[PDB]
2 protein chains.
Amino acid sequence: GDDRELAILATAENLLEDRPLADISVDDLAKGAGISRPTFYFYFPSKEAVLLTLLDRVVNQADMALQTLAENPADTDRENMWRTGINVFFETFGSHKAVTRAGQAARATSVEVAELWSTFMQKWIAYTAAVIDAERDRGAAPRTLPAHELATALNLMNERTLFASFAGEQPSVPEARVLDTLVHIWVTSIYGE
Amino acid sequence: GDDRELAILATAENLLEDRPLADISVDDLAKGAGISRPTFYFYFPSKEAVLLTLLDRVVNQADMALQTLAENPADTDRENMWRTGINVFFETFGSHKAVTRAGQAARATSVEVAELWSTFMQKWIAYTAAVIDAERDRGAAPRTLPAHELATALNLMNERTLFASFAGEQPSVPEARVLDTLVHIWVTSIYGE
Ligand SMILES: O=C(CCc1ccoc1)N1CCCC1
Ligand SMILES: O=C(CCc1ccoc1)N1CCCC1
């Protein structure tokens with residue numbers, strides 16, 4: 001049921017810690033979840049569909065966490081308010097680096113992974129632009145760039161920079177410095193004249 | 001000679017306008033360059049090596065243009081000095097979008113394409129950090145983030161945002177707004193307290 005399904009998802013997330021989706025067979029997932037290969041196909045149509053569900057859960061987990069923040073404003077200054085929002089992504093994706101890495105690789109080959117990512121990026125950018133506009137309306141931020149274009153560049157910077165950090169790419173910001181680095185660039189570009 | 005070699009490179013850059021490297025065969029490049037398939041193999045070991053050379057030429061072209069700028073400072077204010085530097089990348093990669101797109105796709109599968117990209121990204125980030133430090137030493141920019149970490153995030157933002165613009169990704173900044181968008185974020189984050 002949701003038991004064999006969860007077992008399959010947990011197995012795939014464990015195996016993805018060690019090798020790419022290419023080195024993982026349906027037999028590996030089935031054996032890890034303690035079921036046969038034809039039984040696997042009753043829960044998922046392919047190993048690609050397993051990754052899509054894992055990605056969908058992590059993305060939604062990030063999106064729900066940001067919604068919670070939105071509904072429960074922290075009582076602190078502006079720089080800290082941005083930091084707690086960026087942190088949702090740093091901690092949610094940073095707690096699932098194997099899925100994040102595999103999902104990024106699948107954007108190239110999977111229309112559904114590309115559309116899921118694109119849909120949520122559009123939503124986070126529109127939320128970011130809405131916050132910038134509210135700040136501009138209250139006179140706390142200057143009318144500089146179009147808010148939506150500024151939001152789009154800053155969300156793409158975060159996608160790329162967090163991802164480089166979590167993958168240990170050359171070049172990357174160390175993971176223990178990446179939150180501070182991004183918050184500085186967001187605050188200075190949103191509030192700077 | 002350099003004639004048959006150039007013909008092969010021009011053919012591959014033309015074909016890459018229309019389809020991915022996967023849909024292009026060695027026979028396609030040979031026929032386009034007016035030579036046989038075994039003759040092709042005398043100039044390049046594979047279609048992947050053709051892409052690597054095209055990428056190497058565009059990268060070096062960008063790097064030499066930035067060096068020229070470095071050696072011949074423009075007589076203008078700071079925001080314009082950053083704009084002319086970012087522009088080197090916007091115009092060089094923007095004039096070769098098919099190669100840029102294919103080269104980005106090959107980073108996943110080619111160690112040599114990944115190393116070429118990584119080597120030049122490290123050089124541009126180190127140059128960027130050196131400029132920020134000079135500005136800090138002369139008292140024109142505040143000592144906020146570590147210069148090299150700030151440089152790394154801004155160069156990764158440019159890589160990702162320019163690339164999204166040139167590929168017409170969803171989401172992306174329109175190509176006619178992307179230079180202005182990036183220059184704002186660089187200037188406010190480098191000079192903002
Ligand atoms: O940091 C963000 C968004 C940060 C943020 C803060 C408020 O709204 C979005 N992203 C990383 C991957 C995709 C987007
Ligand atoms: O915009 C830049 C660099 C811009 C810049 C200006 C000065 O030094 C680097 N990049 C795009 C792809 C890789 C780096």
# chains A, B, ... in the order shown; residues from 1 in each chain; ligands from 1
call {"tool": "residues_around", "arguments": {"residues": "residue 117 of chain B", "least_positions_apart": "4", "cutoff": "10 Å", "atoms": "only C-alpha atoms", "output": "mmCIF file with C-alpha atoms, in the first residue's frame"}}
result
data_model
loop_
_atom_site.group_PDB
_atom_site.id
_atom_site.type_symbol
_atom_site.label_atom_id
_atom_site.label_comp_id
_atom_site.auth_asym_id
_atom_site.auth_seq_id
_atom_site.Cartn_x
_atom_site.Cartn_y
_atom_site.Cartn_z
ATOM 1 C CA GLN A 170 34.297 23.941 -8.637
ATOM 2 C CA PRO A 171 33.572 26.835 -8.306
ATOM 3 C CA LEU B 55 33.381 25.848 -26.994
ATOM 4 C CA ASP B 56 37.056 26.434 -26.424
ATOM 5 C CA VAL B 59 35.328 30.827 -24.179
ATOM 6 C CA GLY B 103 28.201 23.158 -24.399
ATOM 7 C CA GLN B 104 25.993 23.490 -21.317
ATOM 8 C CA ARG B 107 28.982 19.566 -19.104
ATOM 9 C CA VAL B 111 34.828 15.693 -18.375
ATOM 10 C CA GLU B 112 36.792 17.920 -20.752
ATOM 11 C CA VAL B 113 33.814 20.354 -21.298
ATOM 12 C CA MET B 121 34.787 30.283 -14.246
ATOM 13 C CA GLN B 122 37.575 30.169 -11.588
#
call {"tool": "residues_around", "arguments": {"residues": "residue 123 of chain A", "least_positions_apart": "4", "cutoff": "12 Å", "atoms": "only C-alpha atoms", "output": "list in words"}}
result
residues 59, 60, 62, 63, 64, 66, 67, 116, 117, 118, 119, 127, 128, 129, 130, 148, 151, 152 and 155 of chain A; 170 and 171 of chain B
call {"tool": "residues_around", "arguments": {"residues": "residue 131 of chain B", "least_positions_apart": "5", "cutoff": "10 Å", "atoms": "only C-alpha atoms", "output": "PyMOL selection string"}}
result
chain B and resi 70+82+125-126+136-137+147+151
call {"tool": "write_last_selection", "arguments": {"atoms": "C-alpha atoms", "output": "PDB file, in the first residue's frame"}}
result
ATOM      1  CA  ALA B  70      41.110  45.089 -18.197  1.00  0.00           C
ATOM      2  CA  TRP B  82      30.781  46.814 -14.605  1.00  0.00           C
ATOM      3  CA  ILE B 125      35.669  34.872 -10.390  1.00  0.00           C
ATOM      4  CA  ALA B 126      39.266  35.509  -9.270  1.00  0.00           C
ATOM      5  CA  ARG B 136      37.652  48.221  -1.303  1.00  0.00           C
ATOM      6  CA  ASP B 137      41.370  49.241  -0.926  1.00  0.00           C
ATOM      7  CA  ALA B 147      35.138  39.360  -1.916  1.00  0.00           C
ATOM      8  CA  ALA B 151      32.291  37.163  -6.734  1.00  0.00           C
TER       9      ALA B 151
END
call {"tool": "residues_around", "arguments": {"residues": "residue 183 of chain B", "least_positions_apart": "2", "cutoff": "10 Å", "atoms": "only C-alpha atoms", "output": "NGL selection string"}}
result
:B and (79-87 or 158 or 178-181 or 185-189)
call {"tool": "write_last_selection", "arguments": {"atoms": "N, CA, C and O atoms", "output": "compact mmCIF listing (two decimals), in the first residue's frame"}}
result
# COMPACT_ATOMS: atom_id res chain seq x y z
N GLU B 79 29.31 52.09 -12.53
CA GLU B 79 28.23 51.24 -12.97
C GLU B 79 28.48 50.89 -14.45
O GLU B 79 28.37 49.74 -14.88
N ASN B 80 28.88 51.89 -15.21
CA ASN B 80 29.28 51.61 -16.61
C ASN B 80 30.48 50.73 -16.81
O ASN B 80 30.50 49.94 -17.79
N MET B 81 31.45 50.81 -15.92
CA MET B 81 32.59 49.90 -15.99
C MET B 81 32.18 48.44 -15.77
O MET B 81 32.58 47.56 -16.56
N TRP B 82 31.32 48.20 -14.77
CA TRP B 82 30.78 46.81 -14.61
C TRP B 82 29.95 46.38 -15.80
O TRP B 82 30.02 45.20 -16.22
N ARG B 83 29.10 47.27 -16.32
CA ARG B 83 28.27 46.96 -17.44
C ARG B 83 29.12 46.55 -18.63
O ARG B 83 28.82 45.56 -19.33
N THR B 84 30.26 47.23 -18.89
CA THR B 84 31.01 46.82 -20.09
C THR B 84 31.65 45.47 -19.92
O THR B 84 31.83 44.76 -20.89
N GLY B 85 31.97 45.09 -18.68
CA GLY B 85 32.54 43.78 -18.40
C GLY B 85 31.53 42.67 -18.54
O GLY B 85 31.80 41.67 -19.21
N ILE B 86 30.37 42.81 -17.91
CA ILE B 86 29.28 41.83 -18.10
C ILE B 86 28.91 41.72 -19.56
O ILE B 86 28.56 40.63 -20.07
N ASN B 87 28.91 42.86 -20.27
CA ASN B 87 28.55 42.85 -21.67
C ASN B 87 29.41 41.93 -22.54
O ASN B 87 28.93 41.41 -23.59
N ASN B 158 25.23 35.17 -13.10
CA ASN B 158 25.29 35.54 -14.51
C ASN B 158 25.23 34.33 -15.41
O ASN B 158 24.50 34.33 -16.42
N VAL B 178 18.18 41.67 -19.66
CA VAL B 178 19.02 40.86 -18.79
C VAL B 178 20.33 41.62 -18.39
O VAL B 178 20.76 41.59 -17.25
N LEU B 179 20.90 42.42 -19.31
CA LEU B 179 22.13 43.11 -18.96
C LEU B 179 21.88 44.10 -17.83
O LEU B 179 22.59 44.08 -16.81
N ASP B 180 20.84 44.91 -17.97
CA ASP B 180 20.47 45.93 -16.99
C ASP B 180 20.17 45.26 -15.62
O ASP B 180 20.52 45.82 -14.53
N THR B 181 19.48 44.13 -15.71
CA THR B 181 19.08 43.39 -14.47
C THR B 181 20.35 42.97 -13.74
O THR B 181 20.52 43.20 -12.53
N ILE B 185 22.19 44.29 -9.93
CA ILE B 185 22.46 43.38 -8.80
C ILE B 185 23.97 43.39 -8.46
O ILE B 185 24.32 43.41 -7.30
N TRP B 186 24.85 43.50 -9.45
CA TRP B 186 26.26 43.57 -9.17
C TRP B 186 26.60 44.84 -8.48
O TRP B 186 27.32 44.82 -7.48
N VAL B 187 26.08 45.95 -9.00
CA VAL B 187 26.49 47.28 -8.42
C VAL B 187 25.97 47.48 -6.98
O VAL B 187 26.72 47.93 -6.08
N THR B 188 24.72 47.10 -6.75
CA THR B 188 24.16 47.27 -5.42
C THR B 188 24.85 46.30 -4.45
O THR B 188 25.11 46.68 -3.32
N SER B 189 25.21 45.07 -4.87
CA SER B 189 25.76 44.16 -3.90
C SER B 189 27.25 44.46 -3.64
O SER B 189 27.76 44.18 -2.55
call {"tool": "select_by_dssp", "arguments": {"residues": "segment 70-188 of chain A", "states": "alpha helix (DSSP H)", "output": "count of residues only"}}
result
90
call {"tool": "closest_residue", "arguments": {"among": "A:135, A:163, A:5, A:29", "to": "ligand 1", "atoms": "only C-alpha atoms and all ligand atoms"}}
result
A:163
